[PDB]
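One chain comes next, on its own, written out as structure tokens in the form solved without the named molecule.
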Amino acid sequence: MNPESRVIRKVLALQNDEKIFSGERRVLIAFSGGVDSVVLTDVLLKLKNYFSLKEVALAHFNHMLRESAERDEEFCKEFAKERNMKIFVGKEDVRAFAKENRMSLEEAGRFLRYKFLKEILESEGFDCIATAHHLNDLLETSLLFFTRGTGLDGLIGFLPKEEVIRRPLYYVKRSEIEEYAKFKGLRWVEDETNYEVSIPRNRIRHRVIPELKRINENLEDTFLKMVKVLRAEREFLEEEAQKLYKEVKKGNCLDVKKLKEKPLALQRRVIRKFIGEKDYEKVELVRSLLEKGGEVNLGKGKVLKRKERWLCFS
């Protein structure tokens, strides 16, 4: 039981549990160059046949931010040639783009990168994208949502499989990855970005998680268990929700006769889908219009009113 099987074990556990790969032939990996993506790439190449995968390629997006961006790219290309993998690289002034598009460098880099990945996925014929997101990212994301404001979705954070994205390392904790990378003497790009605490993610990773571990050494493992519990509870809530939805939402309204009597949790659920919004406040504003007649003005010029035992727009 070494740093390698320890991980492979968790990755196969994910497979059995989530059907991470189930027919996909070509896997494009979002290759940052960092440990995670490296360890990930090593695991997919090893489990390639186990997954019945015809191909595994890397896609590296050069943000043009770090002054090392140019060298890191070259390292990725070399990493690709090394393992004889197809490598597609995209470059875009994340800087400019963020400005001209009033976006923050982060979401902008996210946008341009994912846009690049799809460009390659779609134009080169790969069936999905693999991402090195791991259990610690999951932990960090969830704590970031807990901090910024959230519901189950935030707490659950990302999923092991969503649309064309696959996160094989989902169950793996950073420390295991880091050990894995070591055990197998892998190479990788440094996380310069790391420790700029000015970034919430790093704040959580470097200040919060550490303090939390003084109370629970096994924070990551107990967390994952929390998430699992939450995910099924969430699924049940969403299912039991859709049911209530098309049983009350008839046409362009909501049979308030039925909603009011049904469970608060579900109401907010139905209302959330209908209203198109997801913030606690608005949702709760529309909901009031189930006992208290009237109307309510919300976001993008849209408003809903209560024509007696029905709730529709305006």
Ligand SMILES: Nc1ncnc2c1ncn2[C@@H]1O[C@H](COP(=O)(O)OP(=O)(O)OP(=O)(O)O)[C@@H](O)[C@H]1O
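One-based numbering along the sequence shown.
Set 190-198 against 147-155 and average the Cα temperature factors; 190-198 ends up higher.
The deposited model assigns a higher average Cα B-factor to 246-254 than to the other stretch when 246-254 and 50-58 are compared.
In the PDB entry, the Cα temperature factor peaks, among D42, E70, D36, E261, at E261.
Taking the deposited Cα B-factors for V27, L266, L289, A30, the highest one is held by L289.
When the modelled residues of the chain are ordered by C-alpha B-factor, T131 sits in the lowest third.
In this PDB entry, the Cα temperature factor of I177 sits in the bottom third of its chain's modelled residues, the lowest group.
Annotation for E106: C-alpha temperature factor in the highest third relative to the rest of the modelled chain, per the entry. Annotation for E233: CA B-factor lies in the middle third of the chain's modelled residues.
The deposited CA B-factor of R83 belongs to the lowest third of values across its chain.
The following text describes the form deposited with the named molecule bound, which does not appear among the structures shown.
The three marked residues, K249, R272 and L311, fail to reach the named molecule in the bound PDB entry, with no heavy atom of any inside 4.5 Å. Heavy atoms within 4.5 Å of the named molecule in the bound PDB entry are found in one stretch of 126-134, 94-102, 231-239, 213-221, which is 126-134. Contact check for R71: every heavy atom lies farther than 4.5 Å from the named molecule in the bound PDB entry.
The closest non-hydrogen atom of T41 lies beyond 4.5 Å of the named molecule in the bound PDB entry. Mapping the unseen interface onto this chain, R287 falls outside it, with no heavy atom inside 4.5 Å of the named molecule in the bound PDB entry. The named molecule is not drawn, but in the bound PDB entry it has a heavy atom within 4.5 Å of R110. With the partner omitted here, the residue from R201, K161, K77, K86 that has a non-hydrogen atom within 4.5 angstroms of the named molecule in the bound PDB entry is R201.
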